[PDB]
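To begin, one chain is listed below as structure tokens, in the form deposited in one PDB entry.
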């Protein structure tokens, strides 16, 4: 019915509640009545919850809340009324909430935030979420009256129809503004009011296929502009970039789950010259969709705009070519993440043409279609500054006796590559090596500089030799088939700080487990997790021998 813990954290999980339970007291610290059938909130339901710090009523279907229902909740810090049936909000609900830090009103069918300012008394408010998908159609200038500083403001303006000018300009500082909006009609009229107050701007759900930029009635404080679930065409992209051109200090541009398509027979004619890269140094593209029946587009002229970009992530976005032309324009690129794409070694060699990627130090090709460890090593050889190489989750299966790798390489990730053994293919220059989640039985490579070895989720029968890994700081060797370890082994690793030994079938026979059980107790702070004995589920740490 209503289950609490020893410290007043209460939750109503049954879902068969028709009203707020009776007999709530000053000992209730948190009240989670999510996903119940509560319909009414009277002035007496919560009068004795003077110590209530969090009140969650998500997805209940609350019709009405009496004016003074929250009169006693002066210590409430977290109020979630999202997804109920409140079509009319009263400023008297929030007047007593002097300690309120989080307020969520999303998903309630109000057309307006009322004719009286709701948040004038929330002097401590930090996170405000407001709006809905269907009926929220007006933003008024009074709506955000007494709010000067907010950490996060989320406005679901999905079907907003009108925006009263300067409604949002009253908020001086907003670290993160999230704006849902299916159409772009109101986009530029909201932008002028928040461009000077927002640090991280996020636009969600908007259809920008036919977006056109027009000069603004206006410097900007936005450092990051995120587009999520947004639709863009090759034509409207140049308009979007003109909007980004108004943000002189923009550092980071991010497209998550967006859609890119052609308008049909569009060409780059005069937009090419009038585009300034600005100070954008990080580009992040995730899960870019291209319509199933797409119209072809050619945005190769945009390759030349990347000369100053330092950090690029293009994840899970159907990349099977990175042309040499593009890679040669990427003169400042230090970090490239191409995870979850369709790159094959053959075309990766074109990407590494002469004078390609001079500054690149980190290359991530996790979960592409890479097949040969050798060809990959030779492909990356001409990238002289490459130090971090992640080629995990590629079905390599095996490695030859000897390989070529970039000379400065110090981090190599061979996780989830389906290998059954390791060879000298792995260079001695490595400081960090990950060979987790494979099918290794042995690891006996001489890596005199290796600081960190990750080798969990294998079939290791014996610990690697400590003489071969002198400088080891970290050894993650959990989830193997280790039964014992040579006595005195860990004193050999003078620099050892963290070690994972759990999920191994440790033999806890006293004439053998003595050293390990003792070492664990003296070094409990080094062990991550706790090694258990095979038969009994008792920690090896708490095993003493005569």
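Basically, rigid core = biggest C-alpha set you can superpose within 1.5 Å across the two forms. Numbering follows the first chain given and starts at 1.
Undergrad: Quick check on the record: how many residues from the deposited sequence are absent from the model between residue 218 and residue 219 (none, 1 to 3, 4 to 9, 10 or more)?
TA: 1 to 3 residues lack coordinates between residue 218 and residue 219.
Undergrad: Is the mean CA B factor in the deposited entry higher across 296-304 or across 262-270?
TA: So the stretch with the higher mean C-alpha B-factor is 262-270.
Undergrad: Averaging the C-alpha B factors as listed in the entry, name the stretch that ends up higher: 163-171 or 415-423.
TA: 163-171 has the higher mean C-alpha B-factor.
Undergrad: Reading the B-factor column of the entry, which of 107, 400, 464, 323 has the highest value at its C-alpha atom?
TA: Answer for 107, 400, 464, 323: 464, with the highest C-alpha B-factor.
Undergrad: Maximum C-alpha temperature factor per the entry, among 330, 241, 201, 145, belongs to which one?
TA: The record points to 145.
Undergrad: Could you place residue 86 in the lowest, middle or highest third of its chain by Cα temperature factor, using the values in the record?
TA: CA B-factor rank for residue 86: middle third.
Undergrad: How does the C-alpha B factor of residue 347 compare with the rest of the chain: lowest, middle or highest third?
TA: According to the entry, residue 347 has a C-alpha B-factor in the chain's highest third.
Undergrad: For residue 504, does the deposited CA B-factor place it in the lowest, middle or highest third of the chain?
TA: CA B-factor rank for residue 504: middle third.
Undergrad: In terms of the CA temperature factor given in the entry, to which third of its chain does residue 275 belong: lowest, middle or highest?
TA: CA B-factor rank for residue 275: highest third.
Undergrad: Split into thirds by Cα B-factor across the chain's modelled residues, where does residue 117 land: lowest, middle or highest?
TA: For residue 117, whose C-alpha B-factor we compare with every modelled residue in the chain, the answer is the highest third.
What follows is about the form deposited in another entry, which we do not show.
Undergrad: Go through 432, 243, 251, 295 and flag the only one whose CA is off by 2 Å or more between this form and the one not shown, rigid core held fixed.
TA: Of all the options, the C-alpha that shifts by at least 2 Å belongs to 295.
Undergrad: With the core lined up, does the C-alpha of residue 272 move 2 Å or more between this form and the one not shown?
TA: Result for residue 272: yes, a 2 Å-plus shift.
Undergrad: Compare the position of the CA of residue 358 between this form and the one not shown after a rigid core fit and state whether the shift reaches 2 Å.
TA: Not so; residue 358 is displaced by less than 2 Å.
Undergrad: Does residue 262 move its CA by 2 angstroms or more between this form and the one not shown when the core is aligned?
TA: After core superposition, the displacement of the residue 262 C-alpha between this form and the one not shown reaches the 2 Å mark, so yes.
Undergrad: Residue 272 and residue 238: do their C-alpha atoms lie closer or farther in the other form than in the form you see, with a change of 3 Å or more?
TA: Residues separate in the other form, at least 3 Å farther apart.
Undergrad: Looking in the other form, are the Cα atoms of residue 293 and residue 255 closer together or farther apart than here, the change being 3 Å or more?
TA: Relative to this form, closer in the other form.
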